[PDB]
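> just coords:
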């Protein structure tokens, strides 16, 4: 029985990932920043699939200590085979007068935290000796800028580069590392005509790919950023 | 049975095409199989496909003389009665030094590696639009849609071409609920430690491509379109510093 | 030793701007024209006022491979070739679902098949001369992102992008550097005229030619296999723009 | 009117080459150094032979944000800033699995945090001046492809490439153009010495500085938001590259 940990799975993409992985037979670890009740609800529904589901408080704003909750969560579940580094909320702030503390705060939660969590998970995966899967939830803005969100863009890009480096260095341990880059996700047909598919995506349309990356059939996929965006990246000033 | 969807996979007599055809049959698609010269392999794929309780039909496809050779796709569609999935599967790679390559060889490689996929895609998309129920088109390209293969400039350029067409089709067919993506294999075997130049140190299996192609045909992929999804055991990660 | 640059379709637009700026840089110039010979001669007359030799030749890349032989004759006239600029011809739109196969092939013929044959001819001479060379393929932002209703154009630009990387890898041993210049929207004969582009205007032909000329310069000797995008921010604008 | 170029870490290597070439192109030059005040002063003396002003200042990008004030004092001495070249410090290697957090942070501090604070200051002056400007971020091929045993370096270079795109979009209305120049292997004081690279040698610092100088020139007025890779074909070599 394998174990999947999904950060920030009290809601949104994280919750959909945790629920689908439970459906697929993984014991589940759920982390929460502020909303323990949402984490409890996800745990309950995850456990309804006949699976163990454990929750822990994780606040990646005070580092490195804040990341130790991943170590406690792994110890409660006995092992870890999957880590989904799920992205927190997006923040807008003009580049020209952004305070350095805000710049650092955004990097702390959006890439520093993922780095520390991945280290902890990858260490256990190496010792277990049975490989593993690490999925970094990034964004289209790993590849293309979000207006008025320069720190968010830069940190998503950083996490994209970290994904590549982790995949290269951990492949010898059969740990495959990929990013899933969502476009606009609603958290109805024709609601966003700026996007070629003309609607936002569902959390399921992201979780379904995350689940595939955890499946036996993904055993040759590593180092990639898989963009799930309804054609967002194809729309240029011409479209 | 009125709800049964049809997948057509070109060159599914063997290799990656065969793996896609059989997995899609196992997942519940009636299957169209095309073959260039290995008819018995095509008959063996149809045999196994039908053990999953679906229809399987085969047809000879000779993409060497275009546009006429692509009509076999229209005949296969007619036999199956509809098409919901097309997998434009990649023929064999060809090598030739750039400085000396005959024009005939340049044109021959483009003929099989992007002109055919263009024509097959048109035919399938016309049926998908008329059917009015959407569809999925997967173009099997290669890591060389993105990075060059030495001594294979024609092949690289044609894979790049097919990547561009993928993006164009995705944009132009989205209004008909047709999602269009490329799957870009690294080196796939036709084992651990057998390919030291690749980070994962081995070639891929055909199942390791087919599995993603199957996911792209599933309900969960309804928001994925216009992308090149690379399955290469880390091939794209390996640069000059991968040494030592 | 006076170096030679050949620029296809330099009777007008970007090709003319590259030919004239390379002329000012001290290259002898080869100029090809499809139908406007007087425009080509006008380019040659202006290039020659910079004190270099300029030569014109008809080039029709629609009938291949014979059509590309004009490049060989231009080189024989000029005595050598050091720079080839494969310039981009006109863009044509055609719906993907309806596009006839002959139109598909026609567009690939002029937009990548012709560049391939010209590049071969120039590279053969650069190899034999033994003094390296530079080949610049003018592509487009649509080497990288689709142009709606122009699937053939987009596919061919992508193809020329791949050829560029392939040529650069195989010709590096002869010190031949191969790159693409990928323009966005370029005006041919002002601020705020194109609000959908972050710069809010189309580019000038000079703003493309300037980089082509840098790519032919001594300082560019470590740059090969790349697609340099000159687009006023075009690639940055997504539905969030 | 005399324009001003500020190049960080121009006491040596790529930064020094950029400073000297911009001095030849007529920019008054601002030079920063981390420890080698002497390389900096030799850079200034040679820049001054081109008839321009050269000012040197210590820049401690390791302890921020206060260290970035050194850029304000430089702009004060030179009177304005028209070009900023964000030039990278030294590369540090460390395995991802056990890389200390302090080292992850130090690498980000010098590879993107300093560039971010310096670009902010430079941009505020370019807006105040009202005559546009050019900001060049020196990244790396590693902005695009990983460097083994250098995950923090790779991540931080990716971050600086993303910041580059965001700044280009956000500053375009002020006619401030922002690009990255992404060098491959660059030599510091020969053909065939790097066979893993298709060109089979490292690059010269002048082969980077030349593109940086073009990006500051009149003809580069339509180029923004891009990452211009100068790498001798590094990006073309994959597992199938040989010999």
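The structure has been received and is ready for your questions. Residues are numbered from 1 along each chain as shown, chains lettered A, B, ... in the order given.

> What is the end-to-end distance of stretch A:169-177?
Terminal residues of stretch A:169-177 lie 10 Å apart, using C-alpha to C-alpha, to the nearest Å.

> what sits up against that stretch?
If you take C-beta atoms under 8 Å, 6 or more residues apart in numbering or on different chains as the criterion, stretch A:169-177 is touched by A:118, A:122, A:125-126, A:130-136, A:163, A:166-167, A:213, A:218-219, A:221-223, B:199-201, B:233-234, D:95-97, D:148-149, D:151. Where you see a C-beta, it was placed from the backbone N, CA and C, and this is true even at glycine.

> How far off centre is it?
Its chain's C-alpha centre and that of stretch A:169-177 lie 18 Å apart, by C-alpha atoms, centre = their mean, to the nearest Å.

> Also stretch A:120-129?
18 Å.

> Indicate whether that stretch makes contact with chain B.
No: using C-beta under 8 Å from any C-beta of the partner chain, we find that stretch A:120-129 stays clear of chain B, coming within 14.3 Å at best.

> Which ones among the contacts of stretch A:169-177 map onto helices?
If you go by DSSP state H, the contacts of stretch A:169-177 have A:118, A:122, A:125, A:126, A:163, A:166, A:167, A:213, D:151 in helices.

> now, which of these sits nearest chain B?
When those are compared for distance to chain B (C-beta to the nearest C-beta), residue A:167 wins out at 5.9 Å.

> show me the residues around that closest one that make contact.
With C-beta under 8 Å, 6+ apart, residue A:167 has these contacts: A:176, A:177, A:178, A:222, A:223, B:199, B:234, B:237, D:146.

> Show the contacting residues for the most centrally placed residue in chain A.
Most central in chain A under C-alpha atoms, centre = their mean is residue A:86, positioned 2.3 Å from the mean C-alpha point. Residues near residue A:86 by C-beta under 8 Å, 6+ apart: A:6, A:7, A:8, A:9, A:12, A:13, A:14, A:17, A:137.

> which parts of stretch A:123-132 are buried?
A:124, A:125, A:126, A:132 (16 or more other C-beta atoms under 10 Å in any protein chain shown).

> which parts of chain A sit against chain B?
Residues of chain A lying near chain B (C-beta under 8 Å from any C-beta): A:164, A:167-168, A:171, A:183, A:196-198, A:201-202, A:204-209, A:211-212, A:215-224, A:226-231, A:233-234, A:239.

> Now the buried members of those.
Buried among those by 16+ other C-beta under 10 Å: A:164, A:167-168, A:171, A:183, A:196-197, A:201-202, A:204-209, A:211-212, A:217-224, A:226-231, A:233-234, A:239.

> I'd like the contacts of residue A:86 laid out as CSV, including neighbour count.
Output for the contacts of residue A:86, formatted as CSV (neighbours: other C-beta atoms under 10 Å in any protein chain shown):
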residue, neighbour count
A:6, 32
A:7, 30
A:8, 30
A:9, 31
A:12, 20
A:13, 26
A:14, 29
A:17, 32
A:137, 26
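
> Next, count neighbours for the closest residue in space to residue A:82 that isn't next to it in sequence.
Nearest non-adjacent residue to residue A:82, counting by C-beta to C-beta, 6 or more residues apart in numbering or on different chains: residue A:4, 3.6 Å away. Residue A:4: 30 surrounding residues under other C-beta atoms under 10 Å in any protein chain shown.

> gap between residue A:4 and chain C?
32 Å (C-beta to the nearest C-beta, to the nearest Å).

> before we move on, what about residue A:96?
16 Å.

> ok, now residue A:233?
Using C-beta to the nearest C-beta, we find residue A:233 at a distance of 7 Å from chain C.

> just residue A:61 next, same as before
Counting by C-beta to the nearest C-beta, the gap from residue A:61 to chain C is 26 Å.

> Residue A:85 now?
Computed as C-beta to the nearest C-beta, the residue A:85 to chain C distance reads 23 Å.

> Kindly report the same for residue A:142.
12 Å.

> got a list of what that residue touches?
A:156, A:157, A:159, A:160, A:179, A:181, A:225, D:162.

> So what's the residue count around the spatially closest residue to residue A:189 that is not a sequence neighbour?
Spatially, and ignoring its direct neighbours in sequence, residue A:189 is nearest to residue A:199 (6.0 Å; C-beta to C-beta, 6+ apart). Around residue A:199 there are 17 other residues, counting by other C-beta under 10 Å.

> One more: residue A:107?
Around residue A:107 there are 24 residues (other C-beta under 10 Å).

> Good, wrapping up.
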